[PDB]
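Worksheet: one structure, shown below.
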Amino acid sequence: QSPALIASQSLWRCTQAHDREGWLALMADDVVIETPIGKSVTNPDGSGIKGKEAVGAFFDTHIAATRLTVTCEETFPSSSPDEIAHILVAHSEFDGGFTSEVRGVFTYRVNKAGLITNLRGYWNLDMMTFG
Ligand SMILES: CC(=O)[C@@]1(O)CC[C@H]2[C@@H]3CCC4=CC(=O)CC[C@]4(C)[C@H]3CC[C@@]21C
Ligand code: NA
Ligand code: NA
């Protein structure tokens, strides 16, 4: 298991389990999350959520109060142990019964310490469905 794979798998587990401190412990201090890449509700300025403090707020907003299910459809290693890509399906269920689901490419990068520096998602609203 490469550092990138272990990091991505650990982040899935901590995400579904709402494990805030475990989730943040996987992040580098200069982490940048772009889920999705470009402007969106989860990426306001379209340039990503930057720094552990900001992704902490991101967690509290979009993960903490949501039942999340992350399915790994397919994994694409690179020739670098520090970078990996996944086809993921992210299903959200909020307090009330409202749901959203999306499927896209997610790329991960870790530093030499094995901490996530980049998480980037390839999808848009057209690929989303709601229930
Ligand atoms: C509530 C929402 O809008 C979403 O459910 C739609 C897509 C979701 C991504 C999917 C990718 C992912 C994989 C991880 O390993 C960490 C958690 C994230 C970033 C996760 C956060 C919540 C998001 C943004
Ligand atoms: Na590094
Ligand atoms: Na550095």
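Convention: chains lettered A, B, ... in structure tokens order; per-chain residue numbering from 1; ligands numbered from 1 as shown.
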Write out as a short mmCIF file (atom, residue, chain, number, x, y, z; two decimals) with N, CA, C and O atoms, in the first residue's frame each polymer residue whose atoms come within 9 Å of stretch 106-119 of chain A, counting only C-alpha atoms; drop sequence neighbours fewer than 3 positions from it.
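Output saved as out13.cif:
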data_model
loop_
_atom_site.label_atom_id
_atom_site.label_comp_id
_atom_site.auth_asym_id
_atom_site.auth_seq_id
_atom_site.Cartn_x
_atom_site.Cartn_y
_atom_site.Cartn_z
N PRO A 3 1.75 5.39 0.16
CA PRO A 3 1.31 6.47 1.05
C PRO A 3 0.03 7.14 0.54
O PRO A 3 -0.83 7.50 1.34
N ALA A 4 -0.09 7.28 -0.77
CA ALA A 4 -1.25 7.92 -1.38
C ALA A 4 -2.51 7.08 -1.18
O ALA A 4 -3.57 7.61 -0.85
N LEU A 5 -2.38 5.78 -1.39
CA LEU A 5 -3.52 4.88 -1.24
C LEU A 5 -4.00 4.82 0.20
O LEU A 5 -5.19 4.93 0.47
N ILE A 6 -3.06 4.64 1.13
CA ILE A 6 -3.39 4.59 2.56
C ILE A 6 -4.07 5.87 3.01
O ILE A 6 -5.01 5.84 3.82
N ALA A 7 -3.60 7.00 2.51
CA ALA A 7 -4.15 8.30 2.87
C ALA A 7 -5.58 8.45 2.36
O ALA A 7 -6.45 8.94 3.07
N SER A 8 -5.81 8.04 1.12
CA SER A 8 -7.13 8.19 0.51
C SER A 8 -8.14 7.26 1.19
O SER A 8 -9.26 7.67 1.48
N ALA A 25 -6.04 14.87 10.91
CA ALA A 25 -4.71 14.32 11.13
C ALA A 25 -4.09 13.80 9.83
O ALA A 25 -2.88 13.61 9.74
N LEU A 26 -4.93 13.56 8.82
CA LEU A 26 -4.46 13.06 7.54
C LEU A 26 -4.00 14.19 6.62
O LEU A 26 -3.41 13.94 5.56
N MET A 27 -4.26 15.43 7.03
CA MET A 27 -4.01 16.60 6.19
C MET A 27 -2.67 17.26 6.50
O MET A 27 -2.27 17.34 7.66
N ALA A 28 -2.00 17.75 5.46
CA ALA A 28 -0.85 18.62 5.63
C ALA A 28 -1.34 20.02 6.01
O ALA A 28 -2.49 20.37 5.74
N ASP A 29 -0.47 20.80 6.63
CA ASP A 29 -0.83 22.16 7.05
C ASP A 29 -1.22 23.04 5.87
O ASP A 29 -2.03 23.96 6.03
N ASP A 30 -0.65 22.76 4.70
CA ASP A 30 -0.92 23.56 3.51
C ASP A 30 -1.86 22.85 2.54
O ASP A 30 -1.85 23.11 1.34
N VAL A 31 -2.69 21.94 3.07
CA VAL A 31 -3.61 21.18 2.24
C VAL A 31 -4.56 22.10 1.47
O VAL A 31 -4.99 23.14 1.97
N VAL A 32 -4.88 21.70 0.24
CA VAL A 32 -5.85 22.41 -0.58
C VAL A 32 -6.88 21.41 -1.10
O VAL A 32 -6.54 20.47 -1.81
N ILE A 33 -8.15 21.63 -0.74
CA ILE A 33 -9.23 20.77 -1.21
C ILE A 33 -10.06 21.49 -2.26
O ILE A 33 -10.57 22.59 -2.03
N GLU A 34 -10.18 20.85 -3.42
CA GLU A 34 -10.97 21.37 -4.54
C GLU A 34 -12.00 20.34 -4.97
O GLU A 34 -11.83 19.67 -5.99
N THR A 35 -13.06 20.21 -4.19
CA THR A 35 -14.11 19.24 -4.45
C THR A 35 -15.45 19.95 -4.62
O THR A 35 -16.15 20.19 -3.64
N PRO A 36 -15.82 20.30 -5.87
CA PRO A 36 -15.11 20.02 -7.12
C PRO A 36 -14.08 21.08 -7.48
O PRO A 36 -13.99 22.12 -6.81
N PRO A 81 4.36 6.86 -5.82
CA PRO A 81 3.61 6.43 -4.64
C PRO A 81 2.89 7.57 -3.93
O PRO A 81 2.09 7.33 -3.02
N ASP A 82 3.18 8.80 -4.34
CA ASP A 82 2.64 9.99 -3.69
C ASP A 82 1.39 10.56 -4.36
O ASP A 82 0.80 11.51 -3.86
N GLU A 83 1.00 9.99 -5.50
CA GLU A 83 -0.18 10.47 -6.22
C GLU A 83 -1.02 9.32 -6.74
O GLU A 83 -0.50 8.33 -7.26
N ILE A 84 -2.33 9.46 -6.60
CA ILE A 84 -3.28 8.42 -6.96
C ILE A 84 -4.60 9.04 -7.40
O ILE A 84 -4.92 10.16 -7.01
N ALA A 85 -5.36 8.30 -8.21
CA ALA A 85 -6.68 8.74 -8.63
C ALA A 85 -7.71 7.64 -8.38
O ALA A 85 -7.40 6.45 -8.46
N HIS A 86 -8.94 8.05 -8.06
CA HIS A 86 -10.04 7.13 -7.81
C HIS A 86 -11.29 7.57 -8.54
O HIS A 86 -11.55 8.76 -8.68
N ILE A 87 -12.07 6.60 -9.01
CA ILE A 87 -13.46 6.84 -9.36
C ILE A 87 -14.29 6.58 -8.12
O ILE A 87 -14.38 5.44 -7.66
N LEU A 88 -14.89 7.64 -7.57
CA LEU A 88 -15.68 7.53 -6.35
C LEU A 88 -17.13 7.91 -6.59
O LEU A 88 -17.42 8.77 -7.42
N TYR A 122 -13.34 15.89 -9.98
CA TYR A 122 -13.82 16.20 -11.32
C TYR A 122 -15.29 15.83 -11.48
O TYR A 122 -15.63 14.68 -11.78
#
Practice item. Just the residues within 10 Å of residue A:124, please, counting only C-alpha atoms, with nothing from its chain fewer than 3 positions along; format it as a PyMOL selection string. Key: chain A and resi 35-40+102-104+121+127-128
Practice item. Name all residues at most 10 Å from residue A:17 (count only C-alpha atoms; drop same-chain ones fewer than 2 positions away) and give them as a ChimeraX atom specification. Key: /A:11-15,19-20,22-23,63-64,67-69
Just write the chosen residues, N, CA and C atoms, as a compact mmCIF listing (two decimals), in the first residue's frame.
# COMPACT_ATOMS: atom_id res chain seq x y z
N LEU A 11 -9.01 8.54 4.63
CA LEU A 11 -9.88 9.70 4.57
C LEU A 11 -11.34 9.29 4.34
N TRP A 12 -11.56 8.25 3.54
CA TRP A 12 -12.91 7.72 3.34
C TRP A 12 -13.51 7.24 4.65
N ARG A 13 -12.72 6.47 5.39
CA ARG A 13 -13.16 5.88 6.65
C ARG A 13 -13.49 6.96 7.67
N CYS A 14 -12.61 7.94 7.81
CA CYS A 14 -12.82 9.03 8.75
C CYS A 14 -14.00 9.90 8.33
N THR A 15 -14.22 10.01 7.03
CA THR A 15 -15.33 10.81 6.51
C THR A 15 -16.67 10.20 6.90
N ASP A 19 -15.20 11.29 11.89
CA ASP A 19 -14.05 11.35 12.78
C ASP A 19 -13.24 12.62 12.50
N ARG A 20 -13.61 13.71 13.16
CA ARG A 20 -13.05 15.03 12.85
C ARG A 20 -11.53 15.09 13.03
N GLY A 22 -9.38 12.60 13.37
CA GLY A 22 -8.74 11.62 12.52
C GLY A 22 -8.68 12.12 11.08
N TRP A 23 -9.75 12.79 10.67
CA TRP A 23 -9.85 13.38 9.34
C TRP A 23 -8.77 14.44 9.13
N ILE A 63 -19.71 17.71 6.17
CA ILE A 63 -19.48 16.32 6.55
C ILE A 63 -20.13 15.98 7.89
N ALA A 64 -19.96 16.86 8.86
CA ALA A 64 -20.39 16.59 10.24
C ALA A 64 -21.88 16.29 10.36
N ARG A 67 -24.98 12.18 6.64
CA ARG A 67 -24.64 10.77 6.52
C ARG A 67 -24.04 10.51 5.15
N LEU A 68 -22.73 10.34 5.11
CA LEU A 68 -22.00 10.17 3.86
C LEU A 68 -21.63 8.72 3.60
N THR A 69 -21.84 8.30 2.35
CA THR A 69 -21.39 6.99 1.89
C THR A 69 -20.48 7.18 0.69
Review point. Hey, what does DSSP flag as strand (DSSP E) within stretch 3-44 of chain A? Can you give it to me as a PyMOL selection string?
Key: chain A and resi 27-34
Mind writing the picked residues with C-alpha atoms as a CSV table (one decimal), in the first residue's frame?
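So the final result, stored in selection_22.csv, reads:
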chain,number,residue,atom,x,y,z
A,27,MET,CA,-4.0,16.6,6.2
A,28,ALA,CA,-0.9,18.6,5.6
A,29,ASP,CA,-0.8,22.2,7.1
A,30,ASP,CA,-0.9,23.6,3.5
A,31,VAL,CA,-3.6,21.2,2.2
A,32,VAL,CA,-5.9,22.4,-0.6
A,33,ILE,CA,-9.2,20.8,-1.2
A,34,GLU,CA,-11.0,21.4,-4.5
Review point. Nearest to residue A:97 among A:77, A:72, A:125, A:130, with distances taken over only C-alpha atoms: which residue is it?
Key: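 Of A:77, A:72, A:125, A:130, the one nearest residue A:97 is A:130, counting only C-alpha atoms.
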Review point. Looking at only C-alpha atoms, which of A:129, A:47, A:61, A:42 is the one that sits closest to residue A:89?
Key: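 Comparing A:129, A:47, A:61, A:42 against residue A:89, the winner is A:129.
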Exercise for review: Find the distance between atom CA of residue A:96 and atom 3 (O, counted along the ligand's line) of ligand 1 and write it in Å to one decimal.
Suggested key: 16.0 Å
Review point. For the atom pair atom CA of residue A:49 and atom CA of residue A:91, what is the interatomic distance in Å to one decimal place?
Key: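 Between these atoms lies a distance of 20.8 Å.
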Check your understanding: Hey, what's within 8 Å of residue A:98 if we count only C-alpha atoms and toss same-chain stuff fewer than 3 positions away? As a list in words, please?
Key -> residues 93, 94, 95, 130 and 131 of chain A
Mind writing the picked residues with C-alpha atoms as a short mmCIF file (atom, residue, chain, number, x, y, z; two decimals), in the first residue's frame?
data_model
loop_
_atom_site.label_atom_id
_atom_site.label_comp_id
_atom_site.auth_asym_id
_atom_site.auth_seq_id
_atom_site.Cartn_x
_atom_site.Cartn_y
_atom_site.Cartn_z
CA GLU A 93 -28.19 12.10 3.19
CA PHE A 94 -29.13 15.14 5.27
CA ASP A 95 -31.36 15.57 8.31
CA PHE A 130 -31.03 14.64 -5.93
CA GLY A 131 -33.65 12.80 -3.89
#
